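Novice: If you scroll down you'll find the structure; I have some questions about it.
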Amino acid sequence: XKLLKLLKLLX
Amino acid sequence: XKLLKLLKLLX
Amino acid sequence: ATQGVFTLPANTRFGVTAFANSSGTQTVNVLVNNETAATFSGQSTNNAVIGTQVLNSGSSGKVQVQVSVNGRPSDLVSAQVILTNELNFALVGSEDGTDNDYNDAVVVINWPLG
Amino acid sequence: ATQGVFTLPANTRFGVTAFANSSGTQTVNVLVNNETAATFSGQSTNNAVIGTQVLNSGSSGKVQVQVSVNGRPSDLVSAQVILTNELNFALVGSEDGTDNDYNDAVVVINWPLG
Amino acid sequence: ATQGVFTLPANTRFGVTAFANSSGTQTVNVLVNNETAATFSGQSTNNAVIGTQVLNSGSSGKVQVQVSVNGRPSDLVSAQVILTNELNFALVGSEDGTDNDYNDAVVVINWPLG
Amino acid sequence: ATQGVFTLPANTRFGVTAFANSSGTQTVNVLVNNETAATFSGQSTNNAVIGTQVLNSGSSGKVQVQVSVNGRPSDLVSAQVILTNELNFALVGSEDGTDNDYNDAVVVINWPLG
Ligand SMILES: *C(=O)C[C@@H]1O[C@@H](C)[C@@H](O)[C@@H](O)[C@@H]1O
Ligand SMILES: *C(=O)C[C@@H]1O[C@@H](C)[C@@H](O)[C@@H](O)[C@@H]1O
Ligand SMILES: *C(=O)C[C@@H]1O[C@@H](C)[C@@H](O)[C@@H](O)[C@@H]1O
Ligand SMILES: [Ca+2]
Ligand SMILES: [Ca+2]
Ligand SMILES: [Ca+2]
Ligand SMILES: [Ca+2]
Ligand SMILES: [Ca+2]
Ligand SMILES: [Ca+2]
Ligand SMILES: [Ca+2]
Ligand SMILES: [Ca+2]
């Protein structure tokens with residue numbers, strides 16, 4: 001949920 | 001416990 | 001292979017308990033003989049208990065655990081372990097995403113009770 | 001053989017949850033590297049959760065579960081199961097009497113969390 | 001707790017296989033319905049198979065594994081694991097000495113066969 | 001979930017043994033650190049041992065079991081179980097057809113040895 005989206009706009 | 005115990009003798 | 005399905009002895013009371021470890025809200029459905037017998041929902045990233053209940057395995061003994069996040073089924077992993085030929089655990093992990101920690105909802109079924 | 005002792009990964013958070021199924025009040029002690037980290041107490045013949053907590057496995061990762069009833073150590077059975085090489089359960093049953101049901105206190109340790 | 005005793009489905013063929021990891025010669029006895037059904041005896045420190053056999057669990061389904069070395073019973077550990085609600089393993093470890101590796105004879109029972 | 005993959009302790013000897021229960025000839029590949037380390041093949045409907053070998057888990061400890069029949073990968077089920085915090089079993093079942101017995105090739109990995 002919360003986590004992957006934040007790793008998504010990233011690496 | 002005493003549940004088993006109560007019928008250790010009653011049984 | 002099918003996961004989250006367990007044949008308990010018929011007419012046997014069992015405990016089912018679910019824990020959550022995910023940003024997604026977990027929905028855990030417990031089916032007995034293919035009919036919903038309990039549903040737990042909750043959100044935690046700290047292993048909170050989102051439900052615990054005692055159920056009866058009924059005439060068939062068939063118990064199925066389904067886990068979904070907002071209706072999307074998670075990938076399940078499961079096994080049954082029996083200790084000293086008496087104490088039974090039916091264990092479910094589930095993965096709602098990509099990190100493969102399989103803890104997003106953790107479900108433990110135990111029997112016998114009492 | 002020794003039962004109720006598990007080597008977790010060092011410095012790792014884990015859940016520990018206890019259920020009771022006995023006329024006797026159950027005292028569940030959780031040791032992290034031989035020091036008491038949590039203690040649960042309660043009485044139920046219906047699988048009530050008598051405690052749930054998140055702990056850290058400490059320097060060694062060694063976690064030990066002890067169960068007693070009015071100070072008398074129960075006999076333990078245990079095993080660890082790993083699903084999909086990721087999800088770990090350390091499982092304990094315990095017997096305080098003569099019926100060999102091993103459910104008098106049932107303890108489930110699970111990791112990883114989060 | 002009792003170890004090495006398993007209730008299999010009755011009248012069901014099962015495999016039993018023993019491996020040895022000890023300087024002592026291992027004698028593995030497999031009982032069905034309390035009567036000796038197979039005996040394996042061998043020595044290896046390299047996990048050699050000292051016996052494998054197909055048996056039938058009979059009307060009771062009761063299967064018991066005993067391990068001895070030079071006539072001395074070994075200390076046993078065991079559990080049963082079920083995968084996808086179908087594939088069963090009954091597992092035994094045994095210790096004949098003081099190093100607590102519990103591998104001195106390792107016994108695997110598996111069913112169904114065929 | 002991924003099945004048939006296990007992280008063993010690194011640089012550790014382990015046993016790997018395959019049994020067959022199928023009309024089809026089973027090919028069991030055992031990879032260590034992603035490279036083939038052993039290949040067993042054989043055919044049995046009576047639980048014959050189609051291979052047994054001792055391998056070293058290498059620097060990574062990563063062990064993977066793959067099963068093929070008819071030029072297609074079998075569906076795998078697996079789990080790891082630890083007894084008395086010492087004796088390890090990594091268990092694999094596989095299904096090459098439509099009956100879901102998951103015994104068509106059964107693979108048992110055990111450690112420690114010696
Ligand atoms: C969404 O972020 C993914 C989701 O929640 C994370 C906090 C973590 O628990 C992950 O395992 C889970 O799949
Ligand atoms: C004493 O009664 C024995 C005790 O409590 C019973 C109700 C039952 O749970 C039994 O298993 C437990 O040892
Ligand atoms: C193909 O025949 C199916 C196959 O062989 C059978 C004898 C039985 O073992 C079945 O499980 C296996 O898939
Ligand atoms: Ca996840
Ligand atoms: Ca998670
Ligand atoms: Ca009891
Ligand atoms: Ca009880
Ligand atoms: Ca030994
Ligand atoms: Ca040994
Ligand atoms: Ca099959
Ligand atoms: Ca088969």
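Following the order of the structure tokens, chains are lettered A, B, ..., residues in each are numbered from 1, and ligands are numbered from 1.
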After a least-squares superposition of chain C onto chain F, with every Cα atom paired in order, give the RMSD to one decimal place.

Specialist: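 The C-alpha RMSD comes to 0.4 Å.
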
Novice: State the Cα RMSD (Å, one decimal) obtained when chain B is least-squares superposed onto chain A, all Cα atoms paired in order.

Specialist: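 Overlaying the two chains on their C-alpha atoms yields 0.8 Å.
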
Novice: Mind giving me the straight-line distance from atom CA of residue E:24 to atom CA of residue F:114 in Å, one decimal?

Specialist: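 Separation between atom CA of residue E:24 and atom CA of residue F:114: 11.2 Å.
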
Novice: Counting only C-alpha atoms and all ligand atoms, what residues are within 12 Å of ligand 7, given as a PyMOL selection string?

Specialist: (chain B and resi 1+3-4) or (chain C and resi 86-87+111-114) or (chain D and resi 19-26+43-47+74+93-106)

Novice: Filtering to C-alpha atoms, could you give me those residues as an mmCIF file, in the first residue's frame?

Specialist:
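Generated output (again_25.cif):
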data_model
loop_
_atom_site.group_PDB
_atom_site.id
_atom_site.type_symbol
_atom_site.label_atom_id
_atom_site.label_comp_id
_atom_site.auth_asym_id
_atom_site.auth_seq_id
_atom_site.Cartn_x
_atom_site.Cartn_y
_atom_site.Cartn_z
ATOM 1 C CA UNK B 1 -7.551 -28.453 36.929
ATOM 2 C CA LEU B 3 -12.786 -29.500 36.371
ATOM 3 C CA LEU B 4 -11.084 -32.756 35.464
ATOM 4 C CA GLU C 86 -2.533 -34.124 19.200
ATOM 5 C CA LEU C 87 -2.085 -30.379 18.801
ATOM 6 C CA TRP C 111 -7.481 -27.179 17.603
ATOM 7 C CA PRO C 112 -8.575 -28.920 19.732
ATOM 8 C CA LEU C 113 -9.879 -26.381 22.249
ATOM 9 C CA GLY C 114 -11.007 -26.693 25.816
ATOM 10 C CA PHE D 19 -4.233 -18.694 24.130
ATOM 11 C CA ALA D 20 -5.627 -20.653 27.071
ATOM 12 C CA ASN D 21 -7.646 -23.892 27.123
ATOM 13 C CA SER D 22 -7.611 -25.208 30.680
ATOM 14 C CA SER D 23 -9.284 -24.922 34.045
ATOM 15 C CA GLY D 24 -5.885 -23.860 35.380
ATOM 16 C CA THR D 25 -4.644 -20.298 35.165
ATOM 17 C CA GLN D 26 -1.792 -20.204 32.656
ATOM 18 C CA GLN D 43 -7.649 -18.525 32.423
ATOM 19 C CA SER D 44 -9.953 -19.749 29.677
ATOM 20 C CA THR D 45 -11.388 -23.022 28.417
ATOM 21 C CA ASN D 46 -12.394 -21.288 25.165
ATOM 22 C CA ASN D 47 -9.096 -20.268 23.552
ATOM 23 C CA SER D 74 3.900 -27.586 32.069
ATOM 24 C CA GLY D 93 1.811 -26.316 23.080
ATOM 25 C CA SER D 94 1.789 -27.149 26.757
ATOM 26 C CA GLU D 95 0.209 -29.711 29.053
ATOM 27 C CA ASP D 96 -0.667 -29.051 32.683
ATOM 28 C CA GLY D 97 -2.558 -32.278 33.428
ATOM 29 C CA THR D 98 -3.299 -35.828 32.355
ATOM 30 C CA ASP D 99 -5.304 -35.609 29.123
ATOM 31 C CA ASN D 100 -2.405 -34.970 26.707
ATOM 32 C CA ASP D 101 -4.295 -32.308 24.780
ATOM 33 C CA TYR D 102 -1.285 -29.929 24.820
ATOM 34 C CA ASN D 103 -3.527 -26.878 24.326
ATOM 35 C CA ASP D 104 -3.626 -25.675 27.920
ATOM 36 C CA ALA D 105 -1.543 -22.730 26.841
ATOM 37 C CA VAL D 106 -0.871 -22.407 23.116
#

Novice: Based on only C-alpha atoms, which of the residues in chain F come within 8 Å of chain C? I want them as a PyMOL selection string.

Specialist: chain F and resi 1+75-77+79

Novice: How would the residues just chosen look if you wrote them out with N, CA, C and O atoms as a JSON list (two decimals), in the first residue's frame?

Specialist:
[["chain", "number", "residue", "atom", "x", "y", "z"],
["F", 1, "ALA", "N", 2.86, -18.23, -4.29],
["F", 1, "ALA", "CA", 4.16, -17.91, -3.75],
["F", 1, "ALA", "C", 5.22, -18.79, -4.37],
["F", 1, "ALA", "O", 4.94, -19.91, -4.83],
["F", 75, "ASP", "N", 3.91, -28.34, -10.66],
["F", 75, "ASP", "CA", 3.54, -27.39, -9.62],
["F", 75, "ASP", "C", 4.10, -27.85, -8.28],
["F", 75, "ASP", "O", 3.94, -29.01, -7.89],
["F", 76, "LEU", "N", 4.74, -26.93, -7.56],
["F", 76, "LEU", "CA", 5.45, -27.30, -6.34],
["F", 76, "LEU", "C", 4.73, -26.83, -5.10],
["F", 76, "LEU", "O", 4.09, -25.77, -5.09],
["F", 77, "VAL", "N", 4.89, -27.58, -4.02],
["F", 77, "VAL", "CA", 4.51, -27.12, -2.68],
["F", 77, "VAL", "C", 5.69, -27.41, -1.77],
["F", 77, "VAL", "O", 6.42, -28.38, -1.97],
["F", 79, "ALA", "N", 7.75, -26.44, 2.35],
["F", 79, "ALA", "CA", 7.84, -25.78, 3.65],
["F", 79, "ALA", "C", 9.13, -26.25, 4.32],
["F", 79, "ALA", "O", 9.71, -27.26, 3.92]]

Novice: What are the DSSP strand (DSSP E or B) residues of stretch 15-111 of chain E, as a PyMOL selection string?

Specialist: chain E and resi 15-32+35-56+62-69+72-73+75-83+87-95+103+105-111

Novice: Now that the selection is made, can you save its residues with C-alpha atoms as a PDB file, in the first residue's frame?

Specialist:
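Ended up saving to result13.pdb:
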ATOM      1  CA  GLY E  15       6.643 -44.801   2.689  1.00  0.00           C
ATOM      2  CA  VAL E  16       9.149 -44.939   5.522  1.00  0.00           C
ATOM      3  CA  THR E  17      12.827 -44.104   4.952  1.00  0.00           C
ATOM      4  CA  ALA E  18      15.681 -43.772   7.432  1.00  0.00           C
ATOM      5  CA  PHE E  19      18.971 -41.889   7.150  1.00  0.00           C
ATOM      6  CA  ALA E  20      21.954 -42.279   9.483  1.00  0.00           C
ATOM      7  CA  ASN E  21      24.321 -39.599  10.846  1.00  0.00           C
ATOM      8  CA  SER E  22      26.207 -41.163  13.747  1.00  0.00           C
ATOM      9  CA  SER E  23      29.156 -43.360  14.553  1.00  0.00           C
ATOM     10  CA  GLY E  24      26.670 -45.667  16.290  1.00  0.00           C
ATOM     11  CA  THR E  25      24.821 -48.329  14.331  1.00  0.00           C
ATOM     12  CA  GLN E  26      21.184 -47.216  14.155  1.00  0.00           C
ATOM     13  CA  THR E  27      18.252 -49.607  14.569  1.00  0.00           C
ATOM     14  CA  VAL E  28      14.959 -48.092  13.430  1.00  0.00           C
ATOM     15  CA  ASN E  29      11.810 -50.056  14.266  1.00  0.00           C
ATOM     16  CA  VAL E  30       8.508 -49.127  12.625  1.00  0.00           C
ATOM     17  CA  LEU E  31       5.379 -50.379  14.389  1.00  0.00           C
ATOM     18  CA  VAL E  32       1.913 -50.511  12.856  1.00  0.00           C
ATOM     19  CA  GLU E  35       3.350 -54.567  16.031  1.00  0.00           C
ATOM     20  CA  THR E  36       6.734 -54.448  14.308  1.00  0.00           C
ATOM     21  CA  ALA E  37       6.266 -53.896  10.573  1.00  0.00           C
ATOM     22  CA  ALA E  38       9.791 -53.010   9.421  1.00  0.00           C
ATOM     23  CA  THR E  39      13.252 -52.767  10.935  1.00  0.00           C
ATOM     24  CA  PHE E  40      16.186 -50.884   9.402  1.00  0.00           C
ATOM     25  CA  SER E  41      19.731 -51.179  10.747  1.00  0.00           C
ATOM     26  CA  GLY E  42      22.793 -49.380   9.399  1.00  0.00           C
ATOM     27  CA  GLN E  43      25.644 -47.004  10.123  1.00  0.00           C
ATOM     28  CA  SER E  44      26.652 -43.812   8.375  1.00  0.00           C
ATOM     29  CA  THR E  45      27.977 -40.372   9.224  1.00  0.00           C
ATOM     30  CA  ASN E  46      27.075 -39.139   5.729  1.00  0.00           C
ATOM     31  CA  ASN E  47      23.258 -39.380   5.681  1.00  0.00           C
ATOM     32  CA  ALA E  48      23.173 -42.770   3.913  1.00  0.00           C
ATOM     33  CA  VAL E  49      19.756 -44.357   3.467  1.00  0.00           C
ATOM     34  CA  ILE E  50      19.702 -47.329   5.877  1.00  0.00           C
ATOM     35  CA  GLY E  51      16.257 -48.468   4.855  1.00  0.00           C
ATOM     36  CA  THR E  52      13.208 -47.595   2.798  1.00  0.00           C
ATOM     37  CA  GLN E  53       9.957 -49.536   2.585  1.00  0.00           C
ATOM     38  CA  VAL E  54       6.280 -49.204   1.684  1.00  0.00           C
ATOM     39  CA  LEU E  55       3.917 -50.236   4.478  1.00  0.00           C
ATOM     40  CA  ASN E  56       0.168 -50.089   5.076  1.00  0.00           C
ATOM     41  CA  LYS E  62      -1.316 -45.995  14.310  1.00  0.00           C
ATOM     42  CA  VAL E  63       2.345 -45.838  13.258  1.00  0.00           C
ATOM     43  CA  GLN E  64       5.204 -45.605  15.749  1.00  0.00           C
ATOM     44  CA  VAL E  65       8.926 -45.138  15.115  1.00  0.00           C
ATOM     45  CA  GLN E  66      11.470 -46.280  17.690  1.00  0.00           C
ATOM     46  CA  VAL E  67      15.238 -45.796  17.379  1.00  0.00           C
ATOM     47  CA  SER E  68      17.897 -47.594  19.387  1.00  0.00           C
ATOM     48  CA  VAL E  69      21.686 -47.898  19.321  1.00  0.00           C
ATOM     49  CA  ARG E  72      19.740 -48.137  24.106  1.00  0.00           C
ATOM     50  CA  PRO E  73      16.635 -46.152  23.058  1.00  0.00           C
ATOM     51  CA  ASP E  75      15.618 -39.631  22.443  1.00  0.00           C
ATOM     52  CA  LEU E  76      13.080 -38.759  19.746  1.00  0.00           C
ATOM     53  CA  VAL E  77      11.663 -35.552  18.283  1.00  0.00           C
ATOM     54  CA  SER E  78       8.868 -35.572  15.741  1.00  0.00           C
ATOM     55  CA  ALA E  79       6.119 -33.658  13.986  1.00  0.00           C
ATOM     56  CA  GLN E  80       3.632 -34.078  11.165  1.00  0.00           C
ATOM     57  CA  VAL E  81       3.351 -31.533   8.353  1.00  0.00           C
ATOM     58  CA  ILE E  82       0.666 -31.368   5.673  1.00  0.00           C
ATOM     59  CA  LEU E  83       1.131 -29.403   2.441  1.00  0.00           C
ATOM     60  CA  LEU E  87       0.743 -34.284   1.072  1.00  0.00           C
ATOM     61  CA  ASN E  88       1.753 -35.609   4.476  1.00  0.00           C
ATOM     62  CA  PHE E  89       5.146 -35.933   6.141  1.00  0.00           C
ATOM     63  CA  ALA E  90       5.667 -37.524   9.522  1.00  0.00           C
ATOM     64  CA  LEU E  91       9.187 -36.643  10.581  1.00  0.00           C
ATOM     65  CA  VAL E  92      11.416 -38.096  13.285  1.00  0.00           C
ATOM     66  CA  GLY E  93      14.815 -37.089  14.592  1.00  0.00           C
ATOM     67  CA  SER E  94      16.731 -38.995  17.227  1.00  0.00           C
ATOM     68  CA  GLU E  95      19.709 -38.450  19.498  1.00  0.00           C
ATOM     69  CA  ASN E 103      20.133 -36.434  13.282  1.00  0.00           C
ATOM     70  CA  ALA E 105      18.751 -41.527  12.728  1.00  0.00           C
ATOM     71  CA  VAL E 106      16.374 -39.326  10.718  1.00  0.00           C
ATOM     72  CA  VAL E 107      13.094 -40.984   9.703  1.00  0.00           C
ATOM     73  CA  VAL E 108      10.705 -39.669   7.056  1.00  0.00           C
ATOM     74  CA  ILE E 109       7.223 -41.124   6.619  1.00  0.00           C
ATOM     75  CA  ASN E 110       5.310 -39.858   3.591  1.00  0.00           C
ATOM     76  CA  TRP E 111       1.827 -40.423   2.218  1.00  0.00           C
TER      77      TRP E 111
END

Novice: Distance atom CA of residue D:13-atom CA of residue D:57, one decimal place?

Specialist: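 Here the two named atoms are 6.2 Å from each other.
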
Novice: Can you work out the spacing between atom CA of residue D:58 and atom CA of residue D:9 in Å, to one decimal?

Specialist: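 Atom CA of residue D:9 lies 8.8 Å from atom CA of residue D:58.
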